[PDB]
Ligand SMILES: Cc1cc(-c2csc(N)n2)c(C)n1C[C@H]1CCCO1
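In the form solved without this ligand, a lone chain appears below as structure tokens.
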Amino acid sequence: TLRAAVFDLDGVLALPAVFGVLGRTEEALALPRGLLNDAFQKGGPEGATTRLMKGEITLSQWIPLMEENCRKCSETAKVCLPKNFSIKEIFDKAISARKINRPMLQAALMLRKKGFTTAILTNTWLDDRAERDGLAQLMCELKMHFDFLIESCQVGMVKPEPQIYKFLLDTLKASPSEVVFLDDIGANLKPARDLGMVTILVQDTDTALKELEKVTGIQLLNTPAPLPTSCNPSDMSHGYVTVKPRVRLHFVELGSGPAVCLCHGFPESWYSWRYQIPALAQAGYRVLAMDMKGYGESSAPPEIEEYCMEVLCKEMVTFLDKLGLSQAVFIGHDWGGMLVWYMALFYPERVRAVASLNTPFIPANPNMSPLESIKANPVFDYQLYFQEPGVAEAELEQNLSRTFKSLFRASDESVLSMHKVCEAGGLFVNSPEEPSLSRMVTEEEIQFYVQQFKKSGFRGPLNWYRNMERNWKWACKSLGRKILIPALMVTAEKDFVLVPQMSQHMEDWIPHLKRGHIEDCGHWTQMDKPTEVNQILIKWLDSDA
């Protein structure tokens, strides 16, 4: 009975195989068949290639030895190599052209999701080329999806020597019969088979996967589109910045490149961006996913004034100062979306680009009190219920699991009405004691929000809604201004509070505004439609930021 799946890198998890390049070069340069491939394996287990794969020497040390072997091979079959022939050039292009075989990775992901131990076993080299980062990036993207990465050059062993196979089984802590081993090389498959492992010769991916699903009893082909990679909180780099004596800001950080600051809404967490963090980091960005003031591991002072937009923005500017960041792209959702428009209006020099999910930019009305404005729209009734200190705190803090289960629902799910909340006497008055689990969240993810909210509760989060007059007065100072830096407004079709039509006049204040629209998407944009959020943000980031 199987419980472990092992995959080769070249020709299995990564395509095209860096092996089929010697053949391609021979054909392209009208060279004798197998000429370059012979020079590659010259001397068998004692030759340059075996020493390279065992980690005795590095790739840059192997390059001149492979070149020598290429000449000695051309000498025997009495032929001549083109004057411009370069092994480095051939390998640089081959490695660079080699990409992840996505359906193979999807299959490995699915097997691991069903309780399988997954491993990459590969004959590889110590890459010291000036262009080594390309493959380093590829190994990083691949490895985090597996339990083990066994590299020949790191272990000093090589396929097909049987010591690497016994090493593999020892790291797996499994008997060969419990192991599937996928390889594109027949000779490297053989020792795994003669040990009693289930084996698959990988030519085309589809056939290999049909064999893989027939042998495991798990559907791997024609499976629904998977969700993007999520975050395991304990596997993240956690950052902490003191923005003032009593205020510390917590953030999760992933990636390299331009700084992208993610600002969640109410009542959320850095974890609300779990599906965006790995995707945006993979797209070449330095992701800084915040626990906004009043949330999770960030400080939560009790005072209402501590949560007005002016202080929140100033604190975010200090956060940039302390991290040594002259700018960051600011991406917000809900209350975070509102902060992010105010960062752009008051601190444009600190904002590389501004993006908002669901939250529109609506200039303050200087001829009307904000309380009047909120009352003029039935959907903003929840904001009036949030005004009285302690009332919403008691209801929201009573049963944390019920709070998040009731709040975090997709549009098709029996969502709370944000209409007549004051009259009804609360948010969950017509809601069950034991809400069903939404398809957007697992029980474990709900328990993360529960644990996070146990520290400070809902006072600080609710205080974001308790500065309407203060924020209105501050916003009125910006009435003559326009947002002229790169900006993205993402609308969610089925958000019945932050409705897409509320964003219709934004071009009057943001003329160069770019847009995105997510159909069949509720209020919780990031978890409702993660794939499309990532697609819209990456595309906008690569074009404008």
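The first residue of the sequence shown is number 1, and the count goes up from there.
What comes next is about the form solved in complex with this ligand, which is not displayed.
When this ligand is superposed onto this form from its pose in the deposited complex, none of its atoms lies within 2.4 Å of a backbone or C-beta atom, and the site is open. In the deposited complex, residue 373 approaches this ligand with a heavy atom inside 4.5 Å. A residue is said to contact a partner when one of its heavy atoms sits within 4.5 Å of a partner heavy atom; residue 189 fails this definition for this ligand in the deposited complex, lying far away.
Not displayed here, this ligand is approached by residue 502 to within 4.5 Å at the level of heavy atoms in the deposited complex. Taking the partner from elsewhere, residue 338 is found to have a heavy atom lying within 4.5 Å of this ligand in the deposited complex.
Here the chain stands by itself, but in the deposited complex one stretch of 327 to 335, 237 to 245, 79 to 87, 213 to 221, 327 to 335, has heavy atoms within 4.5 Å of this ligand. The candidate spot formed by 359, 383 and 498 lies fully in contact with this ligand in the deposited complex, as each residue has a heavy atom within 4.5 Å of it.
Note on contacts: among 465, 116, 146, 453, the single residue with a heavy atom within 4.5 Å of this ligand in the deposited complex is 465.
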